[PDB]
């Protein structure tokens, strides 16, 4: 038979493109290893004339790509590149409407927790350590959210169609954000035991589970103690751009102006539906691509986010 070839671009960051020549006789997988075009596996697909000049994602098999990859993704896990493409292949087919001047996702493949988290990430000051996340986030804010949503799944070890905890997802995204400066000082007072001051840095400094009221946390909350008597934990000092207050879903009333945004969760554990309530001039319930407006909001709320700079307690 006759030998035909085409010119294609190979890359791992879609930033450093390496020109390559492909034998139309052979498949992409035989000569490049796992290969993906727009997140679609082409490892067992022979090249087409239309493919010439197009960009193709490949697995790092030489040291140039090993580096370029780690520098972009900040991970050296081999499976990560495949999972990002696997995901992206689906997330490029979602619809991302501007809802209340924020990018959102039309409900599909249980994307409700992702929509919420994304609507959330557009309202708080997050500086992303991996370029991949930065580049995608910016392109998300503009409305092309496919790549972002796809990196979130990849970094959270989740697959399209599977429902996720909004809090477990933010925990993960904060692992990959610059929150080193953030500081939290907690005093815990037990009448028998005495006092104990705790300082938390990074992700632990902006996430609390067991109370949704930033107000109640400052006042102090009841927690069990070693001696069996109850103890009071209150916020001494918060140095962060925001704080995340989480609790198991329960009836809560968000008043306009007291919070930045909230995750409402209706349904049983691991099978419920998520809505995003954002506080602006009035209250805005962003539920996938749908939108309702109230002055107040009574619903089961598991996550509430508040903006912050530096807070010092006046107690004692």
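Between two forms, the rigid core is defined as the largest C-alpha subset superposing within 1.5 Å. Numbering follows the first chain given and starts at 1.
Remark: when the other structures in 4 other deposited structures of this protein are fitted onto this one via the rigid core, 226-234 deviates more than the alternative among 226-234 and 74-82, judged by RMS CA distance. Taking the root mean square of CA deviations in 4 other deposited structures of this protein after fitting on the rigid core, 91-99 and 192-200 differ, and the farther of the two is 192-200. The PDB entry reports B-factors from which the mean C-alpha value can be compared for 200-208 and 149-157; the larger average falls on 200-208. Between the stretches 48-56 and 268-276, it is 48-56 that shows the larger average CA temperature factor. Per the deposited coordinates, the residue with the largest Cα temperature factor out of 261, 247, 283, 65 is 65.
Reading the B-factor column for the CA atoms of 125, 162, 165, 135 in the entry, the top value corresponds to 125. Compared with the other modelled residues of the chain, the Cα B-factor recorded for residue 253 ranks in the middle third. Sort the modelled residues of the chain by CA B factor and residue 175 lands in the middle third.
Among the modelled residues of its chain, residue 194 has a C-alpha B-factor that falls in the highest third according to the deposited record. The deposited CA B-factor of residue 41 belongs to the highest third of values across its chain. Annotation for residue 292: CA B-factor lies in the middle third of the chain's modelled residues.
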